[PDB]
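Peer 1: here's a sequence, model it:
(9 chains)
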Amino acid sequence: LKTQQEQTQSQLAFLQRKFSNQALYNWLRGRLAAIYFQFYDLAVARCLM
Amino acid sequence: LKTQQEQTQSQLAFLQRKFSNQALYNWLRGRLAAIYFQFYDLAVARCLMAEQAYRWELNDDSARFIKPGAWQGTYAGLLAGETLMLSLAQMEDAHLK
Amino acid sequence: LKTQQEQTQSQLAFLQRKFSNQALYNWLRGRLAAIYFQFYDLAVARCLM
Amino acid sequence: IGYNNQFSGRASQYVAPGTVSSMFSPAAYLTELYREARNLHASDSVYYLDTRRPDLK
Amino acid sequence: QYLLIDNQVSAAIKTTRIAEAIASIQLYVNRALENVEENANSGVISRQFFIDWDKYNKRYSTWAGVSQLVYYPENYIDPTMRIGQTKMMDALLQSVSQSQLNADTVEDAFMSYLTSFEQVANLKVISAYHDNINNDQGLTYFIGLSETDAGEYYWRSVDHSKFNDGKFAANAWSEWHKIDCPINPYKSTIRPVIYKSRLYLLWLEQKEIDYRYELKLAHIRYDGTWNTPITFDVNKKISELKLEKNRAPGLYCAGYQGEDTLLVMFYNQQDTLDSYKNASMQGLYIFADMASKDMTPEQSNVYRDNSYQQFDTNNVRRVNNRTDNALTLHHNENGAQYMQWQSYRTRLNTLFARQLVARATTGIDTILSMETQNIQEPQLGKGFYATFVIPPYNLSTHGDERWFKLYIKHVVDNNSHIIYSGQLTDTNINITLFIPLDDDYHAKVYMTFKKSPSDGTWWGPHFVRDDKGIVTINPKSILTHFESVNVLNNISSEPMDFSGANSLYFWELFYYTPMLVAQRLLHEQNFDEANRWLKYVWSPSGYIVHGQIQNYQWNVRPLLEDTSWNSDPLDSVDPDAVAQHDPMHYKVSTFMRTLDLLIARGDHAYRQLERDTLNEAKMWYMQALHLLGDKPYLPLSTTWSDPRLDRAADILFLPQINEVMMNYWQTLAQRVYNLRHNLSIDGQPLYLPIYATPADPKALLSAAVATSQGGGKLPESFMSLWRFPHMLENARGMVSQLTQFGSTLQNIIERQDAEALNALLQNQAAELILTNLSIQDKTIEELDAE
Amino acid sequence: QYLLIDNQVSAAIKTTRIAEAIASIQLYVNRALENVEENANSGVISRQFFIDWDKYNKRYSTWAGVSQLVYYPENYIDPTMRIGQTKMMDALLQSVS
Amino acid sequence: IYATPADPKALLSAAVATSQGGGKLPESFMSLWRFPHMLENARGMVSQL
Amino acid sequence: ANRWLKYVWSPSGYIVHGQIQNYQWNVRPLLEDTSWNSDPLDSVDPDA
Amino acid sequence: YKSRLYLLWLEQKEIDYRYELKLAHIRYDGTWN
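Peer 2: Residues are numbered from 1 along each chain as shown, chains lettered A, B, ... in the order given. Now the structure:
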């Protein structure tokens, strides 16, 4: 069972190492969100155009 | 239970045989990554080309849009395409006005 | 086992906090549904055009 | 309150743009250019600027 | 090539006498730089003038251009485009960008900028290394460490090209950059060095097993990620030195000028620098490829002779580089860290970051108040706080033509040591300063009046330390010139100094950002909002703050002081740094942004081509003029001594007239002239209806309901140029792009919550396997009981 | 600024007597609002007339326009476009839409 | 003989662009193409990217 | 780019980890030879 | 206050009966700080 805990924490460690982890998606939502809203300011400008 | 171990290792063996396995995706990320970055060198070239053409149509060279750096080394440069695509959007706007 | 219940309810709580939860999709189906039907009124107009 | 009441009195007298006395006039880029560049080589060494062309002095 | 002039050119090429002189020197310089000419002084090629030789100084067109860019930062610097903005500002522009711009969104922005900035602000500073062979130029680098158990050693560059008089420009400082690789140096031995023109830092960490001696060196990858370090074996080298437990082996990392050979030097720290000379010292060479070559006592000695006084005695530290006293970190009991080479002291830590965040968390108007800026910081080392009051005239009633400077000496007249410099006045201008005390007499103030300074032997106001809590003036000579020189006792602190090292974040937070939102608002055309946002900075009528009223019109303090155009407009070709170091330029920049708000409203009402609105345009244009006031008459003046260039090499040419600011006057005159003569915005004449036809009943209405629902987002001077079918294909394409961003973002979010789910699960899995484990233990215990 | 009329204008500008009276008062009002004139009554600047000074009352064209928009709501008001519809109505138009 | 100094500002934007990152500078250019076309072309490029 | 060719050929030679050395070609095969051979090989490979 | 809607409610968390207040305001979206 201590092997089972070992495994759990090696998995949970792989979650914080792997490139695609949560930290990324936070970053990528931040940046993509800014690009999205801004692009909405533009697109509504041209709509009103 | 030794049958259960047998099964585990036949599965784990099927993971290393199947075409779509990890080895592939390593390969395919390598190649696709190179194609992606390089294509970013090109696309930012043409972005600065449009900006150039615009600082010439409109008179001023001060106008500066495509922003370095839009390529993040970490995060594998993801969302580079859209950050440029924003820049060109803005630059088409500043043109039209 | 009361820890297990604790965990269940922290998960079930994370389901009601997370941005992508059910409440959203209800909202987003409502709005997207209206945009979809209306856009069908238009598109069938131009088809008959 | 005006521009003149504050923000005013730097530099005393000002010069017209084309003049050889401007800060931006080529006698300057010449000037600071030389004050920076006279010292690159030892007073002995032949590359020494004032030994080459004594008249820039 | 020798005589630096073509004797082969076509005789039809006409060129000026000093133009050809220019091309001569430029050829010379270029050849020293490509280095075709054998031995060129490496102290002078390292000067700042040639580090800009490539981008700027090598052409009359650019050098002139960038020289104007500097001499009038008022015309050019932009809160949008400026050299050297911290990352935190980047994340800030992102966080505000991602939603519509207005107060609250900017509140959140600031709470983030500060909740991050608190991590860094006060940061224990360990080691330092200087680059250029001289202290007037080149870069200094530091090493910080996190207060927290997690080390997170941080490093921060700084420039002395931006150091003019006793003040860095506050933009010469980088932000602290986190080091990825966690490490455990022994004591303070971790030291940076510039090597192969790249930042290295070496930390000897000795893994015990008899106490080991080895070191580890590592360097930087363009992204800042660090490469894995490299080992050398100093067991024999350091072992030769006497130790006790006070051992903090001397690490002197010296960069050779060329060929890329690093000089590491091991000494024992001796209490004095003087008799220290000829003491034993050990060194090792590190060549381009990594090799350790131990140094011979004769070599080590010859490197000592010019090396010593760059490394330091007990309890204090100096800086290394390729007066020459190096510079000295000091961390005092009041908890304020700083750097000193010349008697200059510069605070590199600020302690109120926590207070600053707290005050910010309430509201936007809490953090940007004047009173947020008056929160004091502990003083720099020792030192004597005082205030000086002087009449503007000397030597005569008319006195000097323009300005003064005021100095201070030291033991056996080390240097005059500028502290403050100032101008003619009407008023006597009580001014307050800090006087450093480092230890007959203690301090004395020389003042240079630019024509007839007294400068008498002794003379000066005298200040006397050593009375243990009391320092008073015994003039004993002068003060005939100085009205009142007033010590202020019981002031150990100063309102946060924007000459300090974290001053940059303070310019970003107090000054640039409101400018950023008044720009990003004015672009949008909602004027009263933008106006308010500049009123966070400058307003006539001053401020009525939480009650009565206060006199100052500039909400940002550095702007509120100064008011004196400095004599030297710095150096270093940074349109930013030539402000900050001279906040007048930001006062006049703020002024110009104001006039751009009034001229802005004045056009937008002018272009309405509706009589009433042309009158509105005229009240705004009048209001611009009344703001500017009288166009000053600047007496273009030719009196020229025709100097032999030799003389002009004395460390004088007169400034230019500054068009653009005048361009405001003559453009106001132009607009107005066009109003009075009914000529519209260009000269193109108009015939307007006296009583303009009322707008559509309905158009007003749809406008209004659109206002109620949301946003301004209104096209202002438009209808653009394009026909509907094309403008609609273009807009439509735009939207289709926007929808792709939509989808890909939705996918980001589904995917994000999915992630945090997976993580949260694993965390729960641990939390349970603990309890189940303990059960299993106890059932083993029940097997014991059975 | 004090007498609220230009004495510098071209003599070729023809304007009505009360039209120029209008421009006078409009200049006065505007100056109370940008507040270049020291103490302006804060009870009256708070009146409704000046809360619409910006969008409506500051021009004969609009003030007339919007005054007609009001005096005959019969011609203009639309169940589609009207100021101040509750959210519930929004969700309603959505659900029926 | 004395070339006109470059724009005060153009130098500046150039510089800040240098600080932030990359050279990536067009060197002999302005190319041959008008903005509307060079922008449709660049845009297409990015959509690929 | 210049530096990158200086990994191969430079005038003034190289100052390596101290004093200075005479060879101007950092790549050794280049440093020897210096003699155009009699036979320019064969096999039509511009590389070989 | 500051041309923006605030509402202040003094809620006194007992432990002798406390007196304190709490004030909060509005963000353009209506979400409250």
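
Peer 1: in what helix or strand does residue E:664 lie?
Peer 2: Assigning secondary structure by DSSP states H and E places residue E:664 in helix E:659-676.

Peer 1: and the residue in chain D that chain B sits nearest to, how close does it get to chain G?
Peer 2: Minimum separation of chain D from chain B (C-beta to the nearest C-beta) falls at residue D:24, amounting to 19.1 Å. C-betas here are computed from N, CA, C, even on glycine. Summarising the geometry, the distance separating residue D:24 from chain G, computed by C-beta to the nearest C-beta, to the nearest Å, is 7 Å.

Peer 1: between the helix holding residue E:664 and helix G:8-20, how big is the angle?
Peer 2: Here the directions of helix E:659-676 and helix G:8-20 differ by 130 degrees (axes from the mean of the first three to the mean of the last three C-alpha atoms, to 10 degrees).

Peer 1: check which residues of helix E:659-676 are buried.
Peer 2: In terms of neighbour count (16 or more other C-beta atoms under 10 Å in any protein chain shown), helix E:659-676 has its buried residues at E:661, E:664, E:665, E:668, E:671, E:672, E:674, E:675.

Peer 1: contact partners for the second one?
Peer 2: Put plainly, it is residue E:664. Under the criterion of C-beta atoms under 8 Å, 6 or more residues apart in numbering or on different chains, the contact list for residue E:664 reads E:592, E:595, E:599, E:624, E:628.

Peer 1: if we go to 7 Å?
Peer 2: The contact partners of residue E:664, taken as C-beta atoms under 7 Å, 6 or more residues apart in numbering or on different chains, are E:595, E:628.

Peer 1: try the fifth one
Peer 2: When contacts are counted by C-beta under 7 Å, 6+ apart, residue E:671 is found next to E:602, E:621.

Peer 1: the closest residue to chain C within chain D in helix, strand or coil?
Peer 2: When distances are taken as C-beta to the nearest C-beta, chain D reaches nearest to chain C at residue D:7, 50.9 Å away. For residue D:7, the secondary-structure state derived from DSSP: H, G, I helix; E, B strand; the rest coil is coil.

Peer 1: and the angle for the lengthiest helix in chain A with helix B:80-96?
Peer 2: Taking DSSP state H as the criterion, chain A has its longest helix at helix A:22-48. For helix A:22-48 against helix B:80-96, the angle by the same axes, to 10 degrees is 20 degrees.

Peer 1: quickly check: helix A:22-48 near chain E or not.
Peer 2: Yes: residues of helix A:22-48 are located near chain E by C-beta under 7 Å from any C-beta of the partner chain, namely A:22, A:25, A:28-40, A:42-48.

Peer 1: verify the stated contact: the residue of chain D closest to chain B with residue E:70.
Peer 2: No: because the distance of 10.6 Å does not satisfy C-beta atoms under 7 Å, residue D:24 is recorded as not touching residue E:70.

Peer 1: and the residue of chain D nearest chain I?
Peer 2: Counting by C-beta to the nearest C-beta, chain D gets nearest chain I through residue D:1, at 27.2 Å.

Peer 1: next one: the stretch 551-700 of chain E
Peer 2: Distances from the stretch 551-700 of chain E to chain I, computed as C-beta to the nearest C-beta, single out residue E:555 as the nearest residue at 15.8 Å.

Peer 1: gap between that residue and chain H?
Peer 2: Separation of residue E:555 from chain H (C-beta to the nearest C-beta): 50 Å.

Peer 1: ok so, going back, any idea which helix or strand carries the nearest residue to the residue of chain D closest to chain B once chain neighbours are set aside?
Peer 2: In this structure, residue D:24 finds its nearest non-sequential neighbour in residue E:64, 4.7 Å apart by C-beta to C-beta, 6 or more residues apart in numbering or on different chains. Per DSSP H and E: residue E:64 is located in helix E:60-71.

Peer 1: show me what that helix is packed up against.
Peer 2: Judged by 3 or more C-beta pairs under 7 Å, 6 or more residues apart in numbering or on different chains; DSSP states H and E, helix E:60-71 is in contact with helix D:26-37, helix G:8-20.

Peer 1: is the shortest one up against chain E anywhere?
Peer 2: Yes: for helix D:26-37, a contact with chain E is found by C-beta under 7 Å from any C-beta, at D:26, D:27, D:28, D:29, D:30, D:31, D:33, D:34, D:35, D:36, D:37.

Peer 1: and the second one, what does it touch?
Peer 2: The contact partners of residue D:27, by C-beta under 7 Å, 6+ apart, come to D:20, E:18.

Peer 1: quick one: it and chain G, what's the gap?
Peer 2: On the measure of C-beta to the nearest C-beta, residue D:27 and chain G end up 10 Å apart.

Peer 1: count the residues that sit near residue 22.
Peer 2: As the question left the chain open, I've gone with chain A. For residue A:22, the tally of surrounding residues (other C-beta atoms under 10 Å in any protein chain shown) stands at 20.

Peer 1: wait, chain E
Peer 2: With neighbours defined by other C-beta under 10 Å, the count for residue E:22 comes to 22.

Peer 1: ok, residue E:174 - contacts?
Peer 2: When contacts are taken as C-beta under 7 Å, 6+ apart, residue E:174 is in contact with E:156, E:157.

Peer 1: could you pull up phi and psi at the spatially most central residue of chain E?
Peer 2: Against the mean C-alpha coordinate of chain E, by C-alpha atoms, centre = their mean, the closest residue is residue E:171 at 1.1 Å. For residue E:171, the backbone dihedrals (degrees, to the nearest 10) come out as phi -100, psi -10.

Peer 1: wait, it touches residue E:577, no?
Peer 2: Yes: between residue E:171 and residue E:577 a contact is recorded at 4.7 Å, counting by C-beta under 7 Å.

Peer 1: what do these two both touch?
Peer 2: When contacts are counted by C-beta under 7 Å, 6+ apart, the set common to residue E:171 and residue E:577 consists of residue E:162.

Peer 1: if we can go back for a sec, out of the residues of helix D:26-37 next to chain E, who's the most crowded?
Peer 2: The member of the residues of helix D:26-37 next to chain E that has the most neighbours, counting by other C-beta under 10 Å, is residue D:29 with 25 neighbours.

Peer 1: quick one: contacts for that one?
Peer 2: Applying C-beta under 7 Å, 6+ apart to residue D:29 gives the contacts E:22, E:60, E:63, E:64.

Peer 1: re earlier: with distance to residue D:44 added, can I get the helices and strands packed on helix E:60-71 in TSV?
Peer 2: Putting the helices and strands packed on helix E:60-71 into TSV (distance: least, C-beta to C-beta, whole Å) gives the following:
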stretch	distance to residue D:44
helix D:26-37	17
helix G:8-20	39
